[PDB]
2 protein chains.
Amino acid sequence: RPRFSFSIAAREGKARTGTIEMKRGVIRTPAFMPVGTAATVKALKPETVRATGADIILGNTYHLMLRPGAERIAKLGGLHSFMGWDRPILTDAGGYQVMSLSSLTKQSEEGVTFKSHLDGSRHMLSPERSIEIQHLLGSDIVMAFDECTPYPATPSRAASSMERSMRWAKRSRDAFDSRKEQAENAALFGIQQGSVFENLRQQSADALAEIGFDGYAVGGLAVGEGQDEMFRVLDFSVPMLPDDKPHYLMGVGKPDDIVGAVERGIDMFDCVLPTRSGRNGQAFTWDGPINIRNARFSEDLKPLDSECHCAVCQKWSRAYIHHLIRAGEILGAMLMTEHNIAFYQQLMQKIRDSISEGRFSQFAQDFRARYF
Amino acid sequence: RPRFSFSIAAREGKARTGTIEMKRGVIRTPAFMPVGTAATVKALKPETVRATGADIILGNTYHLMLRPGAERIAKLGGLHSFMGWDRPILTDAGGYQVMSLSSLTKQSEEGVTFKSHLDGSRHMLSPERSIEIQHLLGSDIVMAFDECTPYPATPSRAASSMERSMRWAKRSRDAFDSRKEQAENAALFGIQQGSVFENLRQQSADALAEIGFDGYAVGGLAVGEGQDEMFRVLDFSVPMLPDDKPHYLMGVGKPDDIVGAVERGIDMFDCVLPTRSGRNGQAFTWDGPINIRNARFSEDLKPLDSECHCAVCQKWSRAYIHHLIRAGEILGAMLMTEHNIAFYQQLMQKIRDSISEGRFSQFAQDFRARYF
Ligand SMILES: NCc1c[nH]c2nc(N)[nH]c(=O)c12
Ligand SMILES: NCc1c[nH]c2nc(N)[nH]c(=O)c12
Ligand SMILES: [Zn+2]
Ligand SMILES: [Zn+2]
């Protein structure tokens, strides 16, 4: 396979379905990427993550730089070898978790300085250091280091943060290109900023396209603005990005948000919702989410979802998983998480299939009717 | 298969190797039974428990009667169906956990009354109720309800507790037999008591044999007396039990204790050590246990054990599992537990094979040399 190749097989409105070929594997789009925070998709062996249908997972740079360390992981052979996942891995730049997980956060044009939450140690992170850490991890899709904008944001602060992000996007690009092995085996995605302002989103898209990237993320959304506003911003923001490259919406994972985002041109998604809420007792179904801890499931012999094809729904009942979760049992988290991630992959499959068959708008309509 | 059939294929000294045929499956002895406390072998799917080589698991009656309840489990189809384990399940009587997990413990000749630790509710447990609960669970090997003796114990208190246990053994036998479905599909094991006193152990063995059981457990050991004392008691206690029936040592699980116990005539074992210490960071190896949390394993690329055939040792390094455990990750517990239980099953296999080949004493000698 090539270093990176994105091809669109079918379209319907703004929605697209296709594939991204990379050295470690093929990624079917629209894609949902399970999150493996500290070198692990919580409560799941990587073979199970693959069994659910995932083509690629996401790795948190911020968490890995702290524990077990980027240099350590490189010495051990890289992230793939370390955790046992041999397919593509997209890594974020780490700055987003710094702005809300660490202390000291002394920000500047060079980068960010911070204190670790689990040690109180001192760390510096810049566009160059971020790209280097992702390289040490052996990341397949490297994210440019940016500065997120807090919601709500004034036109002035959003403009300043966006402009800085564009300068940092140029630095990330040059850093990535200067490392031969990385530029030849990995891919680099740029991140569009500009809060909820159209002119700013346009300036950001233009700067990013000028620099040139393998993919384009829509950053700064899903930060408290609500679905209506997020969708409104996507309406004018996605069309600004190069059409022939993947469009990645960062930190968006509610089933309904995914469907709406795909209708607006998004090809990639990631979120901890399926895993996090899985361990918390929330199970996704085609009839909407349910909290398995609720007493009405104590003697319910039906599977989490009546149509789900996952191993959990084939073998265990709601009553058993209800017991496991209320008893704080590890198997409860394992089962809930596997089902949720599988449900998400099945959602992506139904999306890819319906677009390929030119009946995606109807699928979205039917999905919503039943889900809500 | 028959309801119960124990056949000895080979012997060496007091050690025996053979099989127990039951309606749900065959049990190779000497056997080690993983513990599934609250309807789950902690951090493992039942298919994984089976993949490690386990022929049978143990279920805690005390925990299940509290949550989710015996009657509830019966309504749901039984324990096998409930947790997804279709092979034999041995269930304890529940009294042992009552004497050290609950409150109020008002003891009498009829049974025990207590307060649940997770609710503070009132529960009564007697030989009849215990047998009934195990029936509701759909248990394959039912344990007679007894009264354990605290270590150390005076000859007088040990005699009184043993005599009461023998009366309760008769009540358990009659209760088991009165339930047609249970007497025809399940097996009943009696429990020998008598602390560390020979004359008492003999009286207990005689009473048990008089009543007649499918198997005989050696109770009251591994309660703080030490290996030397435990072995000394087993030396004279096991020969007192009927030779043609299985000998089960309750709550004994250190690899070295197992080897010594088999040399003394024990055929069955159970303990939480492999699972409990697994989640705590202790991994068993042929070179003795190691605590994976120790810093010397942070960059150790070797598997938990150099010879282990388990899936964990085939796919992940000590460095990765070290990271997982220190990060409090669920996958850390899953991997450590699977390896430990697999290591235990491999130990039982090497024991069964060496006895079959008449070289068990040499295996025990070699095992100890390297393990210590
Ligand atoms: N929900 C938004 C989001 C999640 N992660 C992110 N990482 C970066 N660099 N930028 C972003 O905007 C975001
Ligand atoms: N270690 C001893 C032990 C564990 N579980 C037990 N259960 C019963 N009924 N009796 C016992 O002696 C024991
Ligand atoms: Zn499912
Ligand atoms: Zn192993």
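Residue numbers begin at 1 in each chain, while the letters A, B, ... track the order of the sequences. These values consider heavy atoms only, across backbone and side chains, with no hydrogens, waters or symmetry-generated copies. Read the numbers this way: they start at 1 and go in the same order the structure lists the ligands and their atoms.
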Given A:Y344, A:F32, A:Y371, the one that forms ring-ring contact (aromatic ring centres under 6.0 Å, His included) with A:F284:
A:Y344
Do any of the N/O/S atoms of B:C313, backbone or side chain, fall under 2.8 Å from the Zn ion (ligand 4)?
yes
So B:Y248 and B:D270, side-chain hydrogen bond (donor to acceptor under 3.5 Å, both in side chains) or not? Walk me through it.
CA-CA 9 Å; B:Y248 168 30; B:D270 86 276; 2.7 Å; yes
B:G220, any N or O under 3.5 Å of ligand 2 N or O
yes
[X]: heavy atom below 4.0 Å from ligand 2, yes or no?
X      : value
B:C148 : yes
B:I191 : yes
B:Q193 : yes

Nearest protein heavy atom with distance in Å, relative to [atom]:
atom                    : answer
atom 10 (N) of ligand 2 : B:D146 OD2, 3.3 Å
atom 13 (C) of ligand 2 : B:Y96 CD1, 3.7 Å
atom 2 (C) of ligand 2  : B:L221 O, 3.2 Å

Is there side-chain contact between B:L221 and B:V233, with at least one heavy-atom pair below 4.5 Å?
yes
Check whether any side-chain heavy atom of B:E110 sits under 4.5 Å from a side-chain heavy atom of B:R171, and report yes or no.
yes
Between A:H339 and the Zn ion (ligand 3), is there a contact where an N/O/S atom of the residue lies under 2.8 Å from the metal?
yes
May I ask you to list the atoms of ligand 2 that are less than 4.0 angstrom from any heavy atom of B:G219?
12 (O)
Once the angle between the rings of B:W286 and B:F343 is folded into 0 to 90°, is it parallel (under 30°), tilted (30 to 60°) or perpendicular (over 60°)?
tilted
Once you measure the plane-to-plane angle for B:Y62 and B:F114, does it fall in the parallel (<30°), tilted (30-60°) or perpendicular (>60°) bin?
tilted
Cation-pi check for B:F231 against B:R264: NZ or CZ below 6.0 Å from the six-membered ring centre and within 45 degrees of the axis, yes or no?
yes
